[PDB]
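Okay, here's what each chain looks like letter by letter:
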Amino acid sequence: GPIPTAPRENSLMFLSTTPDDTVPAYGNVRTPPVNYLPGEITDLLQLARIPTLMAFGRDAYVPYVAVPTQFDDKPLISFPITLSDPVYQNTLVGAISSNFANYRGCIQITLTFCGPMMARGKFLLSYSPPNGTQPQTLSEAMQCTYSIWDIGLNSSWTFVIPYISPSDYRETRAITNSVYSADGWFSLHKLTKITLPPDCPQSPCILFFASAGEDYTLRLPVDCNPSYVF
Amino acid sequence: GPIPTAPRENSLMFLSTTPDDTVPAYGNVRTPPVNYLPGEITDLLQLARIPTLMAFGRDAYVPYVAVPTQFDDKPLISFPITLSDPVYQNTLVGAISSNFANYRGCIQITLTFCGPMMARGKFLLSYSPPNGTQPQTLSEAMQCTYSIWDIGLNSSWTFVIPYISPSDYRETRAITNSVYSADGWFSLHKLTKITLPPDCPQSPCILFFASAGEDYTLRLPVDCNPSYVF
Amino acid sequence: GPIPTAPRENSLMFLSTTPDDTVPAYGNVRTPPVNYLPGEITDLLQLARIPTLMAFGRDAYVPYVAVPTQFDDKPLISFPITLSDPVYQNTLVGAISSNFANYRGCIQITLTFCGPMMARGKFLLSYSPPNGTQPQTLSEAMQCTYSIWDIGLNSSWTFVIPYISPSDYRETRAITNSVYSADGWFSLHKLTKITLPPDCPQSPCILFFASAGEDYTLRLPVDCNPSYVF
Amino acid sequence: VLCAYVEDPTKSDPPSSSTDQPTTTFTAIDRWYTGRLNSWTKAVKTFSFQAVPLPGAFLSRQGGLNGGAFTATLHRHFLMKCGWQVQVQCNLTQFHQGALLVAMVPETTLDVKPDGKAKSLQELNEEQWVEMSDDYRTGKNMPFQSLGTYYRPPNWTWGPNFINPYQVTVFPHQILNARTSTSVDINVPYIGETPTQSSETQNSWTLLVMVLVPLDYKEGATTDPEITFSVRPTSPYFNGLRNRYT
Amino acid sequence: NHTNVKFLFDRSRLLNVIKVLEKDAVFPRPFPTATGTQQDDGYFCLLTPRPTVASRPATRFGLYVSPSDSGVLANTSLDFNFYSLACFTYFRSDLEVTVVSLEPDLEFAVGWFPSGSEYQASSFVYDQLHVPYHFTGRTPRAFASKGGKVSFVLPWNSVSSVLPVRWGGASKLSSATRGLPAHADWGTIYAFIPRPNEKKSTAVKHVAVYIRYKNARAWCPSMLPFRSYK
Amino acid sequence: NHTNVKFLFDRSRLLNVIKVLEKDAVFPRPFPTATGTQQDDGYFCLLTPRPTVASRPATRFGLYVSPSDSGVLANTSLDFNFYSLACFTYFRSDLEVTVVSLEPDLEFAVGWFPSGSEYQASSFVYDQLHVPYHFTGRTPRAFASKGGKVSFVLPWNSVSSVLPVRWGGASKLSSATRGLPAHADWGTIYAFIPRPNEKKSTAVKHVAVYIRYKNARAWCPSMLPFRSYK
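About the cut-offs
Residues numbered from 1 in each chain as written, not as in the entry; some residues may be left out. Chains lettered and ligands numbered in written order. Part of a larger assembly, values for the part shown. Heavy atoms only, no water. Pairing = 2+ DSSP bridges. Helix = DSSP H or I, 4+ residues; strand = E, 2+ residues; numbered from the N terminus. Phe/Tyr/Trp six-rings, centres within 6.5 Å; stacked < 30°, edge-to-face > 60°. Buried < 20%, exposed > 50% of the residue type's maximum accessible area, 1.4 Å probe, protein only. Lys NZ or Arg CZ within 6 Å of the ring centre and 35° of its normal. Contact = heavy atoms within 4.5 Å. Salt bridge = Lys/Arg side-chain N within 4 Å of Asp/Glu carboxyl O. Patch = residues over 30% accessible without salt bridge, like charges linked within 9 Å, V, L, I, M, F, W, Y side chains within 5 Å. Areas by Shrake-Rupley, 256 points an atom, 1.4 Å probe, with all protein chains shown as cover. Buried area = accessible area lost by both parts, 1.4 Å probe.

Under the annotation held in the PDB entry, chain E carries the name VP1 and is attributed to Senecavirus A.

The name given to chain D in the PDB entry is VP2, with the source organism recorded as Senecavirus A.

Let us look at the sheet that holds strand β13 (residues 227–231) of chain D. Residue and element names in this part refer to chain D. With respect to topology, three strands assemble into an open sheet ordered β2-β13-β6, the strand pairing being antiparallel. In the strand order of this sheet, the two ends are held by β2 (33–37) and β6 (89–90), each with one partner. Inspection of the sheet shows β6 paired to β13 by two bridges, in the antiparallel sense. The partner of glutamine 89 across the bridge, within β13, is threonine 228.

A word on the packing of aromatic side chains. Tallied over the full model, the rule gives 109 aromatic pairs over all chains. Between the aromatic rings of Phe82(E) and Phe88(E), the centroid separation amounts to 5.9 Å while the plane-to-plane angle is 85°, which identifies the pairing as edge-to-face. Given a relative accessible area of 0%, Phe88(E) falls into the buried group. Among the aromatic residues, ring-to-ring pairing joins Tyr228(B), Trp158(D), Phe162(D), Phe9(E), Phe82(E), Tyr83(E), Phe88(E), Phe91(E), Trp156(E), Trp186(E) and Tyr213(E) into one connected group. One residue, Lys42(D), lies across the ring of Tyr217(D), its end atom 4.4 Å from the ring centre.

With that settled, consider the environment of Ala119(B). All names here are of chain B. With respect to the secondary-structure elements, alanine 119 resides in the loop between β6 (107–113) and β7 (122–125). Classification of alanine 119 as buried rests on a relative accessible area of 0%. Through-space distance from the C-alpha of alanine 119 to that of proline 197 is 6.7 Å; in sequence the pair is 78 residues apart. Excluding its chain neighbours within four sequence positions, the residues that come into contact with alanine 119 are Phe113, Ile151, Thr195, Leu196 and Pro197.

Turning our attention to the arrangement of the chains. The top pair by number of contacts, from a total of 12 pairs of chains in contact, is chains D and E. Between chain D and chain F there is no contact, and the shortest C-alpha to C-alpha distance separating them is 20 Å.

This brings us to the pattern of salt bridges. A full pass over the atoms with the stated rule returns 40 salt bridges over all chains. Linking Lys205(E) and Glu22(E) is a salt bridge whose minimum nitrogen-to-oxygen distance equals 3.7 Å. Of the two residues, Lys205(E) sits in the loop between β13 (188–192) and β14 (206–221) while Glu22(E) sits in the loop between β1 (13–21) and β2 (44–46), which places them 183 residues apart along the sequence. By relative accessible area, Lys205(E) is classed as buried at 15%. Each of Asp59(B), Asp134(D), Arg137(D) and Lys140(D) takes part in one network of salt bridges that share partners.

Before going further, it helps to spend a moment on the pairing of strand β3 (residues 51–54) of chain D. Residue and element names in this part refer to chain D. Burial along β3 is two-sided: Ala51 and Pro53 and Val52 and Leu54, pointing in opposite directions, are all buried. As paired strands, β3 and strand β12 (residues 205–217) are joined by four bridges and run antiparallel to one another. The residue bridging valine 52 from the neighbouring strand is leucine 207, located in β12.

Turning next to a nonpolar patch on the surface. A grouping of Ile3(A), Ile3(B) and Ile3(C) is seen on the molecular surface, where their side chains present a nonpolar patch of about 290 Å² in accessible area. With respect to the element layout, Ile3(B) can be found in strand β1 (residues 3–7).

Attention now goes to the sheet that holds strand β4 (residues 102–104) of chain C. Residues and elements named next belong to chain C. Sheet architecture is open: three strands sit in the order β9-β4-β12, paired in antiparallel fashion. With one partner strand each, in any of the chains shown, β9 (170–171) and β12 (217–219) form the two edges of the open sheet. Direction of pairing for β4 relative to β9: antiparallel, over a ladder of two bridges. Residue pairing across strands places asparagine 102 opposite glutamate 171, the latter belonging to β9.

What follows is about the interface of chain D and chain E. At the junction of the two partners, chain D supplies 50 residues and chain E supplies 61 residues. With both sides pooled, the region where chain D packs onto chain E buries about 4,900 Å², and carbon together with sulfur makes up 58% of that total. A per-residue breakdown of the area chain D buries against chain E is headed by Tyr150(D), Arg152(D) and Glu193(D), which together make up 18% of the total. Of the charged contacts in the structure, one is a salt bridge between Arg178(E) and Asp111(D), with a shortest N-O distance of 3.3 Å.

Here you go:
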């Protein structure tokens, strides 16, 4: 006879993200084949790992950092490492990951010195953990995690920003995210004063990228910000 | 075709304690691991067995019992053995078990003589079954279940209160619970008069605990008393 | 995906005698054991077979039958064999079986002569099938099914009333139940005149019971008569 | 030595919320840190506790608790993850009676003024022993939120960082009785909502000395025993190297 | 095993009675909130057993005794059946939310956004109707039938490993951020009538939010709340 | 794997709020449309994440800022939750349509016609009632219950192999047909009240169209939309 079924309390409820199919209406359709198209994106972490340009206030922002010839004991640029920060809005790290809720991995800033060929000098690349006050002095930059980038064979340096966090994942749209302030600070410092040859232009430009590490992982898709369309 | 199902009389009923799952909305989430935390409470009988302090009216109640030097034929303290009695409200026996409906086991009063070191004496520890009138005389205390606690090597005595009941379980929020009155009476009597040495303080204090035995078992969770929050 | 179920025409119908379970609300309860209680009634035919007293109009009715010394050609008592008859209302045959709809078996009238010890005599025990007129004469009693009960070793006779019926079962609350009238008639006749010794009381009493045979079977529980409570 | 929740609280893996090498050690790890704590007298009532927050004591120096090169390592690393090991001594003689309750309370705000921010060092000297009032029993003194002029301020009647004073023996504890021992020995591992918490703003444990039986001694006998303690972190894992905290 | 932690907290209980949205909401601005801020109060249920105020995690719990007219009253929620049986410090479990209507024949719909994310607060003009941006999104917006109940099980989404039942640190810097965990929540839900904003009614429809903790795991044994002696 | 392309776009989201037909429709005439053309506007939902206008595929997306009286406003749809996470060029998936009513207790019905086909726009006189020709057909006309929801999964029916998220060619010849794909749609749906045209009411009943992309496959990595810096 009839199978006696007791329907549950969520009967006749259309839930949006129900992980199950529905009734096919117009089945038995042979779709045309798509074997000819190359480069199928199986996973959107194939595009967080592609290095895309950052932005810098000096709606006309600048992907590079000008390098003034004045030697000084303060950072040449120092932006905080937060994926809601407006130096990451138009990357592919901070634009994919802003539409999610949690991340875990290593942001990988790829540098590119776009100055002349016979430039010689060193740069210091200090990532700081989130402290109560932003590090400015080069002495305050040596004590953090650093790596010295020379303009030698390395006209392109990929400084892997570490993942140091009291939780397994981080809130990806949050200014604070943690204890008191701003989640860290990358800071490109100039270490020795830069020898630019004459009849070659002074004030070179260093071009910054922002990719993601191989262990970069995301979680919990949220409804995105639809304010790209206005 | 369709499977012919006859839905039951309790269809579209959300019952609170239904022993079954529901539809997952936001699945495929890898939670951060919790292997690092020690001491996972699997079972709340791991905390009924931990000896916690009792209370005594002399909202400033006293965990100990003062011991006056007057020798007397009446109990030094005698509280009834009921888990709704206000000498058990702030233990972990009478606070876990009050939020349930039935118990079965042996309350284990752990004593601790907090007097000076050179005290010498004996105490009698008489548990009585529920009688029509509370036992007061030490002669009325010897005839019940007793155990003689000396201030010798034993400055800490754990008197296991037996479980004698006409039912397999007991109502855990009830003054009466049984035939006429009050479910039993522990009673710490002093047996010999206590020799306290001079230049050591008279009137010592005995500190009482209330744990649960190894066979202590609880049943039928009920909605608790929310009057801790006012 | 979803299993396509077509619910039947009796959906959301609470039927009272549905032979199926329902959702457990407060499960995982270990009940206290009942191994100590003796005499578990598995089946209520364990109490239709226990001989209980009948009633006789002479609300003060009489379980026995007085035996007058007048010898006579008419029955000493003759009640009809119907389980709605008021000589069966307070037995355990006619009180269990009245709350059902059908029966099948042999009513077993257990006699007990409660007179003095030196009584000597015979009794005739004639069950009649349902005839158009009740048998009265002892000559009309010999031609039916009879058995001669002597006051010898047998001061207790269990006359098994046969089951003779045109249907496999009988309506158990019905005056008529069959062709014209009253379903049969047990009749205790006195056969020889009863020798009671002097200085022993005249007019003895015979005590009647009403049990059920070993093949007595019942069927179709109905809603009972709630007029015991007014 | 009352180990907590494990056989060996020294066993501790590095945190899984870091990508860098943890600074597993510093220049003096097999030494204790001795600090003063207020003396216990007759006027101390029942349940008047005294909390020593860890690692809140190495920073504020509660009772001369100088952290040496552990405070100067805690200020130079962001995430810190250690299991503590305290040792409270108190010279209970034969001439005293009473019983302290030395526990290691997980995650409470007992150094917080039931009426403001965090306690100073002078205000820990004025009161000397924090009386178990209705606020500390109901948790009504963990710091209330500044809601602002818009929301009407509710009547805060309860807060989940209370002390039920009759239930403090559930924690890792040893009773400093007058006639069994004179010192306790508690060793606890790391706990926390994360695999490693912060350094400047964590309170994962709290040394807690609670008077269960009030001190009584005869006049002219041994008077007013002092309370010391000795905190020592077991297997720390410092992550996030940076300069000194500002 | 009725004291089993996985069994004891695995049952539905009330958390908050929140109001149902009828327009594009303004999420409550963080503390402190000055007067004159136009926002929508009490429409959001921060899914946490810890005390809340204005749909944000609170340090203490506070109700109202004499709620006079001046000021905006704040929806403060607490899980009364939790803390009376929460003799522990940490508690990770997967939440099961059930949203029962408190309005006769209401068609509502339940949004959600994870721990750390935020409400999307605007509206797009579909067909000259202000359809808000909480009808869409990558997060579960379950829809109820007319007179039905929304039920789904949410995972442990937060970036904390566990939820601190008792917490003593500081999320931001100190001075009244002691004992206030930031990432101890399964998220936040809110009810909305699935009609556009020009069909906003005048009545203020409430709805009730239930909670079941699937797969409860508790760590670090701690206290139970103080019961008074009055 | 929450960044998985097959997992990320596999969830329901809003597309368009279309009006429900109450007569035999006139499908919107192709662009350009002169004034005075009697037709039925905005009743059709062209099922495509690409921007639409007047139920036909559009090049750009355009909303209204100050919708004054002169002219007929046009139902422009866009999948806001798609393009913010569509960092690719091509996208083939099987569509799952859910049509939720925005009218209290509406009995509607959802037509469909494939990619490249057209609406059948006339009426046959059944029993002196103008029954239109969208009650019949070889395409799915799913019928809703009174207050129910229409849901079915549509296949990739179009003659294009994939749907170009970004397209640069010309479907017809040039001069404003650049970037306008012709066969990038799963079809078109429309809601109709299943009553004949003499029972046409006066109110203008809306309905909402949801979309789930079953078995999403994406090719050719490309950009994400530009987020402003204001």
